[PDB]
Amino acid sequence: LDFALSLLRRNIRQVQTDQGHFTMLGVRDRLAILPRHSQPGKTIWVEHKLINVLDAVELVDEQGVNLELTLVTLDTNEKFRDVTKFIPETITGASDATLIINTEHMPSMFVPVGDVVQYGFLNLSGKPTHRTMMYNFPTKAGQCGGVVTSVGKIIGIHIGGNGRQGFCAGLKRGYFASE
């Protein structure tokens, strides 16, 4: 838990884009990650502070299939505490995960979602998506960007759900390499 708490305080920010409220994980330096559908564009608000987005990269797999993740570089002089060490090299499930949500509307929220298991292909609102995992928990609107954590590991970012189940984009440490 001390891990989840530390991650919340130091790395997980309340964010708004023109698409609404999202949770945002800052990973290292000025690099953070949002769900693709948040469409960060040119600027975002972080805790109500307007920040330029210097680059927004929509991640896709070897075949160009959507991974539903957007890496953003933020025009700021502050650096995120480097949490790459806590991100697995290979997309991994987990047995007792906690979904960390942090928005203006759902501030500092820890959601026990239980087991996180490999799912794979997801037709998310008509958009082919790969490398997803699933949890049998009723996730809701406003929880996208939420950080899926397990015993000291950051394993996923919440991207969708169908009412009974939630789905995250799995994380690989390689996503966050310096070029």
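Note that residue numbering follows the sequence shown and begins at 1.
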item	value
Between the two ranges 31 to 39 and 114 to 122, the one averaging a larger CA B factor in the entry	114 to 122
Segment of higher mean CA temperature factor, 64 to 72 or 131 to 139	131 to 139
Of the residues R13, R164, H21, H158, the one carrying the largest Cα B-factor as recorded	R164
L50 CA temperature factor, ranked by third within the chain	middle
Record-listed C-alpha B factor of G93: chain third	highest
